[PDB]
């Protein structure tokens, strides 16, 4: 069973950075062989929220956020938090680096 990544992308300007970060993370995760679920947030709201079970099963959590989100749900997980710009422009490296991220 391929390891699982979960991610949240959140930019409170329109929808573009939220969705670009999500889709680039999804494409790069799959290229590297991982399963991926992404929750997205904008200024209006939240779509496809991570479930408790999804977070439980994940090897890593990647947060590509330009606003504060709830992070208590990720306690005990390795969490790699970056801006949406970095997630969009450095996606390959961010996926790889997330597996060495500190436990939150």
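Positions refer to the first chain, counted from 1.
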Of 87-95 and 13-21, the one with larger mean CA B-factor
87-95
With reference to the PDB entry, specify whether the mean Cα temperature factor is higher for 42-50 or for 69-77.
42-50
B-factor third for the C-alpha atom of residue 101 within its chain
highest
By the record's CA B-factor, is residue 5 among the lowest, middle or highest third of residues in the chain?
middle
